[PDB]
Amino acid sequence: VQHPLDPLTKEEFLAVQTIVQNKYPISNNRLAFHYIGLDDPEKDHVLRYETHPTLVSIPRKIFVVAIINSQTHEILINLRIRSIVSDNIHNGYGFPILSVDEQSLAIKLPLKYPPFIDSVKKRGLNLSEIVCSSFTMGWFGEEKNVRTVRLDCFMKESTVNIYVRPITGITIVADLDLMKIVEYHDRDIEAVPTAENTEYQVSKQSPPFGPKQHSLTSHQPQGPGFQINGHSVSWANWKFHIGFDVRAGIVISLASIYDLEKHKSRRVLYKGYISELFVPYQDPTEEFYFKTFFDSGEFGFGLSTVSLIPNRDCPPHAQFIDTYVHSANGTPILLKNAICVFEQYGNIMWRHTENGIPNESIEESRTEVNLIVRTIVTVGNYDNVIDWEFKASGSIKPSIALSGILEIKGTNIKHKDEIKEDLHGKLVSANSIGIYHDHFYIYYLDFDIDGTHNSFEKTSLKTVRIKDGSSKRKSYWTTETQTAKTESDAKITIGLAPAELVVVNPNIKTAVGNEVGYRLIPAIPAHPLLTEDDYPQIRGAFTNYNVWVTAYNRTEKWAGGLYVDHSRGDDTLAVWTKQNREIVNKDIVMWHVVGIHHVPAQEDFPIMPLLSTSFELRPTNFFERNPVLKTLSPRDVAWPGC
């Protein structure tokens, strides 16, 4: 690797396979790799390195989670000396990220199980057109610690849209270690939604089509403004490293901006990535009570990353980056076009029309070029378009867009007239209930505002009522700034009262004496609607605040715990913060939870129009004055012609 933070290469995937198979020969052992990823270097070594590469050496260390002969091992490898340096058995609750391989075996089980075959026949369904899927099942109080999953089955006849043609009414529990159906109950017969009008491939659709969209062509006469050197980006006044992890997906690191005025590169973000998802359904019945996915932890965001379709998921001028993931046997898989980088045009950067000076016409309007780093993660029926936008103004804008297919619950109801009771969802088509659920993302934000010693300030806006008749005004508002002293102070529920949430470096001030800082401008907040004692809410307890600030700790990385499938909520962000560390003028980290409550509607069927969300990380007294005061608009070059 060019850089200590670079994603694992093919070659590295292979060395790891070899080294492990050397201690666990496959003829003598059952061996499966559930996670192979970088073991995080120590921050100071990375900080030292960056200033002196040619004279700083960091050994590449890999952390492997493998199930070997039914036991979860944690193995640390030092590829500098090609050797296992640690090998331990995980004895607490929870198992690793499922593998793709195991799920592909598991979904065939029902097709050969005799009782299922009877069930299908009883229903008159063609067995040759059934596709099944594995769903995690989490934990519900029981003492048993086994790798079970529920398998759901769907008809595929004339449509590839299988999630909208569920076979509902049957419980199927499979053990992934035995690879065996261990539980079965045909509970209910429900109609299977028709296949009519569920197709989304243009190749399978017929006229009419519309409305017509006018085409376009474009060109950057000087080519892109970013330079990618290995996994290092150079663009406008920014430099940052693009990373990739099979659990986390995209990882952004080392983001710094050059201050033209101070003539200095200044640190903003050491590292940021989504650390966990949580998609809880709201059907308490046997059909769905257990469906509350933890996508990064149970399925892997990196493993679920798809290949971007050029010109569609990214605009025609985008640059793409391929990564490598691994199979259950540790083989390197190439994921082409996993990440794209592109420049976005046409936004006003700032402007002013001055009409207030007699006999004078002054006007100024300038535009900006922004940088989008995009990746897409599809976990089953769910597509997640993940964007990191960088602006020359110093602003960072992480967003998320949702597309894909509703999880349908089949029913004999064809009209809202017939509903007698709470279906736990909406009728979006004859025989189809779009079940209510939430989508929660938790971002990990290791800000190092101009260095690592930082503090978290909450500035409240408060109304002041003038009592002494010393003004014609009866009231005004003002600000009050409190510094969070401990983790318990930095647990913020957004919406309680107006406040600005700022991360400052208390040790560095502007010429006028203001602390340098960056503020979080959040989207309208979503809050959890499950009770705090419900099992999934305990396991997903990191969603209990919109914002959390913690002392940095190299091992606190996964908000729902290192082992999430079948977890008991014993290792979440909620639990770590009970230590209540000091967070004043230290290396600190911010966590922001973004969420959406989803009430399905007919327009979401059979595939869903993008729904988007976004927050902004805005420089707040970081710069002496407007940082783009001296930035010129891109020029306008006229079209060449035919």
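When you see a residue number, it is the position in the sequence shown, counting from 1.
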| item | value |
| --- | --- |
| 481 to 489 set against 338 to 346, stretch whose average Cα temperature factor tops the other in the entry | 481 to 489 |
| Mean Cα B-factor comparison, 304 to 312 or 89 to 97, giving the higher one as deposited | 89 to 97 |
| Deposited CA B-factor, highest of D259, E298, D422, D245 | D422 |
| Among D448, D438, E368, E532 - the residue whose C-alpha B-factor is largest in the record | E532 |
| CA B-factor ranking of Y49, expressed as a third of its chain | highest |
| Third of the chain, ranked by Cα B-factor, where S633 sits | lowest |
| Ranked C-alpha temperature factor of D565 among modelled chain residues, by third | lowest |
| Cα B factor band for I607 (lowest, middle or highest third within the chain) | lowest |
| CA B-factor placement of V549, once the chain's modelled residues are sorted into thirds | lowest |
